[PDB]
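These notes concern the structure reproduced below.
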Amino acid sequence: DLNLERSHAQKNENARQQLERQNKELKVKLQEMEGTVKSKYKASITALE
Amino acid sequence: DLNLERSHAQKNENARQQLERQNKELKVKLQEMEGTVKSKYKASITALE
Amino acid sequence: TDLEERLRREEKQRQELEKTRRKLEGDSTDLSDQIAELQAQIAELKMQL
Amino acid sequence: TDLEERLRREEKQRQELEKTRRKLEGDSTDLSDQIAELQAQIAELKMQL
Amino acid sequence: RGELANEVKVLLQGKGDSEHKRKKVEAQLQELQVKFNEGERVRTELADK
Amino acid sequence: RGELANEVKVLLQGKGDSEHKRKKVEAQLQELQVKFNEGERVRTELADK
């Protein structure tokens with residue numbers, strides 16, 4: 001039973017690395033896209049006004 | 001050690017579940033932020049033009 | 001002689017409780033993860049609204 | 001006498017599993033009810049949307 | 001439409017309250033049913049002696 | 001008006017069917033509750049024997 005707990009925990013450890021990388025890319029993607037799209041759109045609307 | 005190992009494994013499952021849960025919310029937020037920004041700005045640009 | 005079955009019966013309780021706990025633990029992960037995707041889907045309807 | 005002392009060891013392990021199993025049972029049952037509430041909320045938002 | 005819509009609120013809200021209590025009662029039945037075997041198992045162990 | 005008149009016919013039947021199911025489920029729950037209380041009392045009495 002101890003080997004199963006360590007085996008299952010070790011198997012999930014490798015999956016945690018992939019989830020951590022996706023979280024950093026998703027947060028940086030939404031923040032960069034939002035700040036870039038909103039900045040370029042606000043500047044264009046201000047020039048037209 | 002088995003009980004202590006299960007606590008670490010159980011804690012890892014909660015942390016891993018939080019990453020998976022946050023990933024689903026992150027994808028939903030990025031998919032909604034892109035539509036709310038691309039739509040609220042596209043219609044405004046047409047009015048200014 | 002009753003201690004042989006009594007001691008073995010107590011050990012069987014741990015296996016029975018572990019089997020039910022392991023089954024509920026694995027099922028709870030899928031059920032808990034489904035709640036995250038379900039709650040995240042509500043954000044789309046609220047954000048799209 | 002030694003069997004009685006050793007028999008009590010299984011009771012301690014069973015108590016630790018009962019608390020975890022009982023917590024998962026109550027949490028699993030509560031999680032099922034949350035799925036029904038979340039599904040109903042999605043229908044109200046989807047119908048209104 | 002307003003009168004008919006108001007009549008649906010008293011029936012829709014009333015049906016939801018009954019369904020909510022039914023889910024809670026059903027959840028308690030499953031817990032008591034599963035817990036019922038625990039009392040019988042523990043009783044059979046003591047009764048076996 | 002057409003969609004409201006159709007949902008009323010289906011909601012009225014759902015409330016009646018759910019009410020009858022709750023009554024039957026409550027009947028079995030009461031019997032299980034009496035057996036659960038008897039098991040606990042008989043369990044403690046069996047320990048004294």
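Residues in the structure tokens are named by chain (A, B, ... in the order shown) and by number from 1 within that chain; ligands are numbered from 1 in the order shown.
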
Can you superpose chain D onto chain C by least squares over all C-alpha atoms paired in order and give the moved copy as a PDB file with C-alpha atoms, in the first residue's frame?
ATOM      1  CA  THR D   1      -4.506 -18.171  17.947  1.00  0.00           C
ATOM      2  CA  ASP D   2      -7.913 -16.768  18.903  1.00  0.00           C
ATOM      3  CA  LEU D   3      -6.537 -13.219  18.770  1.00  0.00           C
ATOM      4  CA  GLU D   4      -5.280 -13.844  15.231  1.00  0.00           C
ATOM      5  CA  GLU D   5      -8.746 -14.974  14.133  1.00  0.00           C
ATOM      6  CA  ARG D   6     -10.390 -12.024  15.889  1.00  0.00           C
ATOM      7  CA  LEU D   7      -7.733  -9.668  14.507  1.00  0.00           C
ATOM      8  CA  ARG D   8      -8.705 -10.711  10.974  1.00  0.00           C
ATOM      9  CA  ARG D   9     -12.280  -9.598  11.699  1.00  0.00           C
ATOM     10  CA  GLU D  10     -11.137  -5.974  11.925  1.00  0.00           C
ATOM     11  CA  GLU D  11      -9.322  -6.366   8.598  1.00  0.00           C
ATOM     12  CA  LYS D  12     -12.581  -7.347   6.892  1.00  0.00           C
ATOM     13  CA  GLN D  13     -14.344  -4.288   8.315  1.00  0.00           C
ATOM     14  CA  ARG D  14     -11.410  -2.087   7.293  1.00  0.00           C
ATOM     15  CA  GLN D  15     -11.518  -3.455   3.740  1.00  0.00           C
ATOM     16  CA  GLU D  16     -15.212  -2.578   3.460  1.00  0.00           C
ATOM     17  CA  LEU D  17     -14.475   0.948   4.706  1.00  0.00           C
ATOM     18  CA  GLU D  18     -11.402   1.370   2.488  1.00  0.00           C
ATOM     19  CA  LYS D  19     -13.462   0.679  -0.638  1.00  0.00           C
ATOM     20  CA  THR D  20     -16.060   3.234   0.465  1.00  0.00           C
ATOM     21  CA  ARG D  21     -13.428   5.746   1.589  1.00  0.00           C
ATOM     22  CA  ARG D  22     -11.343   5.283  -1.564  1.00  0.00           C
ATOM     23  CA  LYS D  23     -14.443   5.716  -3.731  1.00  0.00           C
ATOM     24  CA  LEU D  24     -15.409   8.885  -1.854  1.00  0.00           C
ATOM     25  CA  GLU D  25     -11.855  10.245  -2.076  1.00  0.00           C
ATOM     26  CA  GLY D  26     -11.722   9.848  -5.850  1.00  0.00           C
ATOM     27  CA  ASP D  27     -15.279  11.124  -6.245  1.00  0.00           C
ATOM     28  CA  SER D  28     -14.675  14.076  -3.913  1.00  0.00           C
ATOM     29  CA  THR D  29     -11.548  15.100  -5.830  1.00  0.00           C
ATOM     30  CA  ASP D  30     -13.389  14.754  -9.147  1.00  0.00           C
ATOM     31  CA  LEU D  31     -16.316  16.804  -7.829  1.00  0.00           C
ATOM     32  CA  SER D  32     -13.974  19.677  -6.942  1.00  0.00           C
ATOM     33  CA  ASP D  33     -12.659  19.818 -10.512  1.00  0.00           C
ATOM     34  CA  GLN D  34     -16.220  19.871 -11.868  1.00  0.00           C
ATOM     35  CA  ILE D  35     -16.964  23.010  -9.835  1.00  0.00           C
ATOM     36  CA  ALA D  36     -14.094  24.838 -11.539  1.00  0.00           C
ATOM     37  CA  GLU D  37     -15.257  23.729 -14.991  1.00  0.00           C
ATOM     38  CA  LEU D  38     -18.863  24.696 -14.243  1.00  0.00           C
ATOM     39  CA  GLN D  39     -17.777  28.107 -12.943  1.00  0.00           C
ATOM     40  CA  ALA D  40     -15.729  28.772 -16.084  1.00  0.00           C
ATOM     41  CA  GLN D  41     -18.652  27.763 -18.308  1.00  0.00           C
ATOM     42  CA  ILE D  42     -20.951  30.156 -16.437  1.00  0.00           C
ATOM     43  CA  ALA D  43     -18.523  33.022 -17.055  1.00  0.00           C
ATOM     44  CA  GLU D  44     -18.365  32.278 -20.786  1.00  0.00           C
ATOM     45  CA  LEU D  45     -22.163  32.137 -21.021  1.00  0.00           C
ATOM     46  CA  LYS D  46     -22.650  35.156 -18.751  1.00  0.00           C
ATOM     47  CA  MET D  47     -20.096  37.230 -20.672  1.00  0.00           C
ATOM     48  CA  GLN D  48     -21.637  36.271 -24.018  1.00  0.00           C
ATOM     49  CA  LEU D  49     -25.167  36.744 -22.673  1.00  0.00           C
TER      50      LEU D  49
END

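Interface residues on chain F toward chain E (cut-off 8 Å, only C-alpha atoms): residues 1, 4, 8, 11, 12, 15, 18, 19, 22, 25, 26, 29, 32, 33, 35, 36, 39, 40, 42, 43, 46 and 47 of chain F.
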
Any idea what the distance is between CA of residue 26 (chain B) and CA of residue 27 (chain A)? 7.3 Å

Quick one: residues within 8 Å of residue 19 (chain B), only C-alpha atoms counted, chain neighbours fewer than 5 positions away excluded, as a PyMOL selection string? chain A and resi 19-20+23

Can you measure CA of residue 12 (chain A) to CA of residue 31 (chain B) for me? One decimal in Å is fine.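 CA of residue 31 (chain B) lies 27.7 Å from CA of residue 12 (chain A).
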
Coordinates of chain F after Cα superposition on chain E, as a short mmCIF file (atom, residue, chain, number, x, y, z; two decimals) with C-alpha atoms, in the first residue's frame:
data_model
loop_
_atom_site.label_atom_id
_atom_site.label_comp_id
_atom_site.auth_asym_id
_atom_site.auth_seq_id
_atom_site.Cartn_x
_atom_site.Cartn_y
_atom_site.Cartn_z
CA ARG F 1 -53.84 35.65 -19.35
CA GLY F 2 -53.23 37.65 -16.17
CA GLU F 3 -53.85 34.71 -13.84
CA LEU F 4 -51.73 32.37 -15.99
CA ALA F 5 -48.78 34.78 -16.12
CA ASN F 6 -48.78 35.12 -12.32
CA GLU F 7 -48.94 31.40 -11.51
CA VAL F 8 -46.00 30.70 -13.83
CA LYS F 9 -43.71 33.02 -11.86
CA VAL F 10 -44.61 31.23 -8.61
CA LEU F 11 -44.45 27.68 -10.01
CA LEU F 12 -40.96 28.18 -11.48
CA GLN F 13 -39.57 29.27 -8.10
CA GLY F 14 -41.22 26.39 -6.23
CA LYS F 15 -39.58 23.77 -8.44
CA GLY F 16 -36.10 25.20 -7.86
CA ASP F 17 -36.50 25.44 -4.09
CA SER F 18 -37.95 21.92 -3.84
CA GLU F 19 -35.11 20.49 -5.95
CA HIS F 20 -32.41 21.91 -3.66
CA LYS F 21 -34.22 20.64 -0.56
CA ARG F 22 -34.45 17.13 -2.02
CA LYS F 23 -30.70 17.05 -2.68
CA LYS F 24 -29.83 18.04 0.89
CA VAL F 25 -32.31 15.53 2.32
CA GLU F 26 -30.89 12.78 0.11
CA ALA F 27 -27.38 13.50 1.41
CA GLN F 28 -28.34 12.82 5.03
CA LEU F 29 -30.36 9.77 3.96
CA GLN F 30 -27.31 8.17 2.34
CA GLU F 31 -25.23 8.65 5.50
CA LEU F 32 -27.99 7.17 7.67
CA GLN F 33 -28.31 4.19 5.32
CA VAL F 34 -24.61 3.39 5.68
CA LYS F 35 -24.87 3.64 9.47
CA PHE F 36 -27.95 1.40 9.50
CA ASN F 37 -26.19 -1.33 7.51
CA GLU F 38 -23.13 -1.05 9.75
CA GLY F 39 -25.28 -1.39 12.87
CA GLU F 40 -26.87 -4.60 11.61
CA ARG F 41 -23.50 -6.13 10.73
CA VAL F 42 -21.92 -4.93 13.98
CA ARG F 43 -24.96 -6.19 15.90
CA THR F 44 -24.55 -9.72 14.52
CA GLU F 45 -20.80 -9.59 15.13
CA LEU F 46 -21.34 -8.41 18.71
CA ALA F 47 -23.58 -11.42 19.34
CA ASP F 48 -20.70 -13.77 18.48
CA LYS F 49 -18.41 -11.93 20.90
#

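Cα RMSD between chain A and chain B, computed after least-squares fitting of the latter onto the former across all residues in order: 2.0 Å.
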
Could I get the residues of chain A with an atom no further than 12 Å from an atom of chain C, each paired with its nearest atom pair and that distance in Å to one decimal, using only C-alpha atoms, sorted by chain and residue number, as a Markdown table?
| residue | atom | partner | partner_atom | distance |
| --- | --- | --- | --- | --- |
| A:1 | CA | C:18 | CA | 10.3 |
| A:4 | CA | C:22 | CA | 11.6 |
| A:5 | CA | C:22 | CA | 10.8 |
| A:8 | CA | C:26 | CA | 11.7 |

Mind dumping the selected residues with C-alpha atoms as a PDB file, in the first residue's frame?
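Saved file selection.pdb follows:
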ATOM      1  CA  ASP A   1       0.000   0.000   0.000  1.00  0.00           C
ATOM      2  CA  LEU A   4       1.009   2.528  -4.307  1.00  0.00           C
ATOM      3  CA  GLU A   5       0.721   5.850  -2.464  1.00  0.00           C
ATOM      4  CA  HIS A   8       0.520   7.465  -7.468  1.00  0.00           C
TER       5      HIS A   8
END

Using only C-alpha atoms, which protein or nucleic acid residues come within 12 Å of residue 42 (chain B)? Drop anything in the same chain fewer than 3 positions from it, and give the result as a PyMOL selection string. (chain A and resi 37-38+41-42+44-45) or (chain B and resi 34-39+45-49)

Point-to-point distance from CA of residue 24 (chain B) to CA of residue 24 (chain A), Å rounded to tenths: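 It comes out at 13.6 Å.
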